[PDB]
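>>> Model the following, please.
(4 chains, ligands or ions: 10)
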Amino acid sequence: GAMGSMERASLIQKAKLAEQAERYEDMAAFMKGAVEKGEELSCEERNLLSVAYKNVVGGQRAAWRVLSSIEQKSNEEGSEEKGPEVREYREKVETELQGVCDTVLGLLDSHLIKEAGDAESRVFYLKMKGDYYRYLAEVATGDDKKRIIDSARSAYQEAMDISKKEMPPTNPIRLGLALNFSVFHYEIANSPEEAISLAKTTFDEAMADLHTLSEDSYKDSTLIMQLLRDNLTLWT
Amino acid sequence: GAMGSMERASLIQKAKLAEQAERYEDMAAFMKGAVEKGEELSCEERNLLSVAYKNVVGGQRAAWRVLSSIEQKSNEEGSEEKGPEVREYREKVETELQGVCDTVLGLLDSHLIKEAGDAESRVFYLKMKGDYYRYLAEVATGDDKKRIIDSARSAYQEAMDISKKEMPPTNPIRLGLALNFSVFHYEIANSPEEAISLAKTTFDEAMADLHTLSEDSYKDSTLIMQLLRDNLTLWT
Amino acid sequence: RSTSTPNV
Amino acid sequence: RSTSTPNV
Ligand SMILES: *SCCNC(=O)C1CCN(C(=O)C(C)(C)Oc2ccc(Cl)cc2)CC1
Ligand SMILES: *SCCNC(=O)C1CCN(C(=O)C(C)(C)Oc2ccc(Cl)cc2)CC1
Ligand SMILES: [Cl-]
Ligand SMILES: [Cl-]
Ligand SMILES: [Mg+2]
Ligand SMILES: [Mg+2]
Ligand SMILES: [Mg+2]
Ligand SMILES: [Mg+2]
Ligand SMILES: [Mg+2]
Ligand SMILES: [Mg+2]
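Numbering: from 1, shown residues only, chains lettered A, B, ... in the order given. Ligands and ions are numbered 1, 2, ... in the order given. Structure data below:
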């Protein structure tokens, strides 16, 4: 739509400017426009797409959590009926969040994943698919929640299978995937023991491969390993 | 427009929820809707209107400053021609900022100021008018800049005249007005000596009236006095 | 940059 | 809440 008249390179340039200006909604719109040009994305471009939408959905998730907590407190025993406004506004934010998730999933399905043949690209996109289904799961209820959870699980599992066959255990995309899948198990799937096992095995297999890395690669891998350890400390 | 079907009280309630959720664009839309109901605003409601638009325009101002600095560096001696993208994107943000300022000024002109008869309300709105003209001045150039600067000055001056006749020197609206008018003099009007004089006189006349205040009133007045002192330290 | 009045 | 992968 609105970015169809702008050059791909200009969209990428403006995404980078939007990032510097902390204008993440603009950044996401620019990167959506770039994806819709139909060409595969470079590593740097995949990162720009991810940063943009992560910041947009992250603000929405934070807002939804605030409103859901107010709503839950409004619905307790001996709370004053305050009318429909809290629910309405929580629903408004929820619907916007779902729309962002649907937009990202649509870009991945049309046609980023199917055109991604290298492991680094395909795993990145499958991880993203699991992440955006996970964000949908955070706000879902009931049987709808069940199917969304299964979709997140399936995307993460495909990404796991590829990453284990095609990437070293210290690869940051592989590590971040495993981190996020462990969060899925703990926070979404009610499988804390699976979460703990995955985080431990991931950490230990990365530790054993650190000796192969340059200083810069070591910094990235150890940063994610620290997040695995942080979660293990929270979970045990 | 879009808020016409929602009750005034529900708009105010949702503005407060949006504030808690740090959803300031939503907050501003709710408060615009409340203003357009046509009734005067209470003190609390005036504060909600101000908080909402201050946070929206504040993010835009911060973004515009980042982009203007990149643009200025792009236009230096021995810089690579990078094309029209930085200017285009700075213009996009600028136009959105101007639109927000025009929206606020429109609410003040239709009809918040004319219906405000009490000094506390009228001064609040005239200060806001000066502020939003000042934000327009920050991005303006040339002769357009001259007329916008004059409009800011005129609004602030009317607010000053009323506040000096009708409010004590410690009143926080009077103090914040004087603070902002001093910023106008220093940062916009190229009148640093006027800025310094106004800040000093305001500080000293407030100091002399602090003995009349309760603990809570004292806290608010002294907070703004500290900002006057901070600016005086920066300016001298 | 000079400091103006902060929000609530 | 558990920590997921941070942005760049
Ligand atoms: S009665 C009008 C609505 N209330 C206010 O504007 C007050 C809100 C909270 N507050 C402040 O945060 C400080 C102390 C910074 O002072 C001012 C804020 C905003 C303005 Cl317009 C003026 C002073 C007190 C004022
Ligand atoms: S090659 C694909 C694009 N690059 C990246 O995603 C990398 C960007 C920066 N970065 C990180 O911030 C940390 C170390 C947190 O790790 C990850 C970030 C994002 C993902 Cl998807 C995975 C790991 C390294 C990765
Ligand atoms: Cl709503
Ligand atoms: Cl643009
Ligand atoms: Mg082209
Ligand atoms: Mg009761
Ligand atoms: Mg819903
Ligand atoms: Mg009514
Ligand atoms: Mg050169
Ligand atoms: Mg312009």
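>>> Give me the residues contacting stretch A:81-92.
Residues from elsewhere that reach stretch A:81-92, judged by Cβ atoms under 8 Å, 6 or more residues apart in numbering or on different chains: A:64, A:67-68, A:70-71, A:74, B:10, B:13-14, B:17-18, B:26. C-beta coordinates here come from the backbone N, C-alpha and C atoms, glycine included.
>>> Apply 6 Å and report the result again.
With contacts defined as Cβ atoms under 6 Å, 6 or more residues apart in numbering or on different chains, stretch A:81-92 is touched by A:67-68, A:70-71, A:74, B:10, B:13-14, B:17.
>>> now the residues you listed: which count as buried?
For the contacts of stretch A:81-92, a burial check counting by 16 or more other Cβ atoms under 10 Å in any protein chain shown picks out A:67-68, A:70-71, B:10, B:13-14, B:17.
>>> Quick check: the residue of chain C nearest chain B.
Closest to chain B within chain C is residue C:5: 3.7 Å, counting by Cβ to the nearest Cβ.
>>> Quick check: the gap between the residue in chain C that ligand 2 sits nearest to and residue A:156.
Relative to ligand 2, the nearest point of chain C is residue C:1 (30.8 Å; Cβ to the nearest ligand atom). Residue C:1 is 46 Å from residue A:156, where distance means Cβ to Cβ, to the nearest Å.
>>> out of these two, which sits in the more crowded spot?
Set residue C:1 next to residue A:156 and count neighbours by other Cβ atoms under 10 Å in any protein chain shown: residue A:156 wins out with 24 against 9.
>>> And the more buried one, which helix or strand is it part of?
For residue A:156, the element it lies in under DSSP states H and E is helix A:142-166.
>>> how far out from the middle of the chain is the helix or strand that residue A:62 is a member of?
With secondary structure defined by DSSP H and E, residue A:62 is part of helix A:43-74. Once both centres are worked out by Cα atoms, centre = their mean, to the nearest Å, helix A:43-74 turns out to sit 10 Å from its chain's centre.
>>> Could you give the number of residues near the nearest residue to the residue of chain C closest to chain B once chain neighbours are set aside?
Once flanking residues are discounted, residue C:5 sits nearest to residue B:176: 3.7 Å by Cβ to Cβ, 6 or more residues apart in numbering or on different chains. By other Cβ under 10 Å, 21 other residues sit near residue B:176.
>>> Phi first, then psi, for residue B:176.
Dihedral angles of residue B:176 (phi, psi; degrees, to the nearest 10) stand at phi -70, psi -30.
>>> now, the most widely separated pair of the contacts of stretch A:81-92?
Distance extremes for these: the farthest pair is A:68 and B:10 at 19.0 Å, using Cβ to Cβ.
>>> which SS class is residue 2?
All of this is about chain A. Using DSSP: H, G, I helix; E, B strand; the rest coil, the three-state assignment for residue A:2 comes out as coil.
>>> My question was about chain C, not that one.
With three-state DSSP as the basis, residue C:2 sits in coil.
>>> what's the nearest residue to it if we skip its chain neighbours?
Take residue C:2 and drop its neighbours on the chain: the residue closest to it by Cβ to Cβ, 6+ apart is residue B:183, 4.6 Å away.
>>> where's that neighbour relative to residue A:82, distance?
Computed as Cβ to Cβ, the residue B:183 to residue A:82 distance reads 40 Å.
>>> ok, the two, which is more surrounded?
When neighbours are counted by other Cβ under 10 Å, residue B:183 comes out ahead of the other of residue B:183 and residue A:82, with 23 against 12.
>>> Pretty sure the more buried one sits against residue C:5.
No - the pair residue B:183 and residue C:5 does not pass the contact test of Cβ atoms under 6 Å, sitting 8.7 Å apart.
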